[PDB]
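**Student:** Structure incoming, see below.
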Amino acid sequence: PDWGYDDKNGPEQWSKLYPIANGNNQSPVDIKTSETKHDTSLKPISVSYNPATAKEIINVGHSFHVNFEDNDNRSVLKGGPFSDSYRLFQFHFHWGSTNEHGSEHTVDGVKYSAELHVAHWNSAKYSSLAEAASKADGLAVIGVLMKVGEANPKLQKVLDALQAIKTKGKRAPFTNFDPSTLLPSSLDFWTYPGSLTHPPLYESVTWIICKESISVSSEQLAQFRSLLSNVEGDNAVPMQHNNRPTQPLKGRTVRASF
Ligand SMILES: NS(=O)(=O)c1ccc(CCC(=O)O)cc1
Ligand SMILES: [Zn+2]
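Take 3 as the starting number for the sequence shown in the entry's author numbering and just add one per residue.
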């Protein structure tokens with residue numbers, strides 16, 4: 003790939019190959035609570051996922067993805083700022099080199115250890131992820147900040163699956179899992195129009211950032227960093243980090259559901 007998180011192909015250099023990197027709707031961003039607008043037209047977030055839609059876990063070199071079958075509405079996101087139903091298709095994480103950083107979004111300048119992203123595409127208006135991916139209202143991603151602390155038992159199935167996809171390109175069946183079990187108890191959120199946090203960086207994401215964080219232990223984070231970005235047989239290259247720095251709001255307004 004022509005992009006990554008290293009010095010030469012990293013976030014700071016993405017604009018060379020992907021000009022949109024310097025766009026007006028880029029993510030992640032720093033959420034300044036003193037500037038958020040408490041909107042009353044925002045309904046509660048509603049998620050209903052079918053564990054049978056879980057399909058496969060894949061090492062994609064810079065991270066790993068857990069994909070879901072998206073041929074129907076068995077797993078969907080509704081409510082919040084949406085009028086359309088969004089179909090679940092994947093969830094993944096972002097982490098940093100050390101516990102000091104790792105999340106992509108930040109709140110009042112505070113950086114967390116990792117971040118969970120649960121992605122969905124607008125099946126009410128579009129026919130596929132491919133079509134929806136580049137549409138302004140095509141994607142909806144829930145972001146959950148992960149604060150280093152007690153080990154999180156709900157991450158167990160995901161963590162135990164990593165040993166089967168250690169190197170780039172490896173993939174394995176990952177079934178019977180409901181990602182709503184990874185979300186915090188409260189679904190109060192912030193929302194703003196943004197983009198994918200890595201190439202192609204399409205500004206097609208309506209973000210849903212949870213106010214409440216979830217926990218993750220230092221050892222669990224070590225497991226993410228123990229994944230390898232190289233292909234089997236080559237010198238091991240640990241996946242140390244994959245979080246993009248926060249970008250300028252460019253006048254966008256972050257709304258709060260609380
Ligand atoms: N980081 S993020 O903005 O939550 C995000 C969500 C979905 C994809 C689609 C990724 C793919 O299919 O390779 C990429 C990035
Ligand atoms: Zn992400």
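Every residue gets a Cβ at the ideal spot worked out from N, C-alpha and C, and that includes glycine.
#1: Leaving out the 5 sequence neighbours to the left and right, which residues in its chain are closer than 7 Å to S228 when beta-carbon positions are compared?
#2: Return yes when the C-beta of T193 is under 7 Å from any heavy atom of ligand 1, and no when it is not.
#3: Please state whether DSSP places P30 in a helix, a strand or coil.
#4: On the three-state DSSP scale, how would you describe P195?
#5: Kindly examine ligand 1 and report whether one of its heavy atoms sits closer than 7 Å to the Cβ of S29.
#6: Taking 7 Å as the line, does the beta carbon of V143 fall inside it for any heavy atom of ligand 1?
#7: Tell me the rounded alpha-carbon separation between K113 and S136.
#8: Taking 6 Å as the limit between beta carbons, can you name the residues of its chain near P53, skipping five residues before and five after?
#9: So, helix, strand or coil for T108, using DSSP?
#10: State yes or no: is the C-beta of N154 within less than 8 Å of the C-beta of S217?
#11: Got a sec, what are the start and stop residues for the alpha helix (DSSP H) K159 sits in?
#12: Which runs of the alpha helix (DSSP H) at least 4 residues long sit entirely within the segment 63–115? Give them in chain order.
#13: Taking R246 as part of the alpha helix (DSSP H), name the residues at either end of that continuous run.
#14: Look up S17 in the DSSP assignment and say whether it is helix, strand or coil.
#15: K45 to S259, Cα distance in whole Å?
#16: In chain order, what residues have a CB nearer than 6 Å to some heavy atom of ligand 2?
**Tutor:** According to the data block:
#1: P240
#2: no
#3: coil
#4: strand
#5: yes
#6: yes
#7: 29 Å
#8: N178, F179, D180
#9: strand
#10: yes
#11: 158–163
#12: none
#13: Taken as a continuous stretch (DSSP letters only), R246 belongs to no alpha helix (DSSP H), as it is neither H nor E.
#14: helix
#15: 7 Å
#16: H94, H96, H119, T199
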